[PDB]
Amino acid sequence: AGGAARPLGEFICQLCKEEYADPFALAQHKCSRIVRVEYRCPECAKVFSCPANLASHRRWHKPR
Ligand SMILES: [Zn+2]
Ligand SMILES: [Zn+2]
């Protein structure tokens, strides 16, 4: 898990989409992200480089 997580210290950019809860990483925050096709899943934090398998992966999160 990690602990009691919520929007505290974290800046989430709209354009570069970089997100850091670590205050040191906001001081080192460098806006410039080549974000072609990458989708992070909340629980399965490993990023998917494809949209189609991601859609089938959401079907895996869908109940009956
Ligand atoms: Zn940024
Ligand atoms: Zn997932």
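Values in this text are rule-based calculations from the coordinates and carry no lab data. A quick note on method: Cβ atoms are made from the backbone with ideal geometry, for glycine too, and the neighbour counts reach across all protein chains shown.
Rank 3, 34, 61 by how far each Cα sits towards the positive end of the charge dipole of the chain (+1 on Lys, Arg Cβ; -1 on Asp, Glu Cβ) and give me just the farthest.
61
Whole-Å semi-axes of the chain's equivalent ellipsoid, largest first, each the root of 5 times a Cα gyration tensor eigenvalue? Walk me through the numbers on the way to the answer.
Numbers: eigenvalues 138, 61, 13 Å².
For the chain, the semi-axes come out at 26, 17, 8 Å.
Using +1 on the beta carbon of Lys and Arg, -1 on that of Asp and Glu, and nothing else charged, what's the dipole of the chain about the Cα centre, debye to 20?
Working: 11 positive and 6 negative charges, 91 e Å.
Here the size comes out at about 440 debye.
Amide H to amide H under 5 Å from residue 18: which residues, 5+ apart in sequence or cross-chain, H placed 1.01 Å off N in plane?
The list, which skips near neighbours in sequence, is 13.
For the Cα atoms of the chain, what angle does the longest principal axis make with the long axis of helix 52-61, in degrees from 0 to 90, nearest 10?
Roughly 80 degrees, rounded to the nearest 10.
Over segment 11-61, what is the relative contact order in whole percent, taking alpha-carbon pairs under 8 Å and six or more residues apart?
Working: 37 pairs, mean separation 10.7, N = 51.
Relative contact order comes out at 21 percent.
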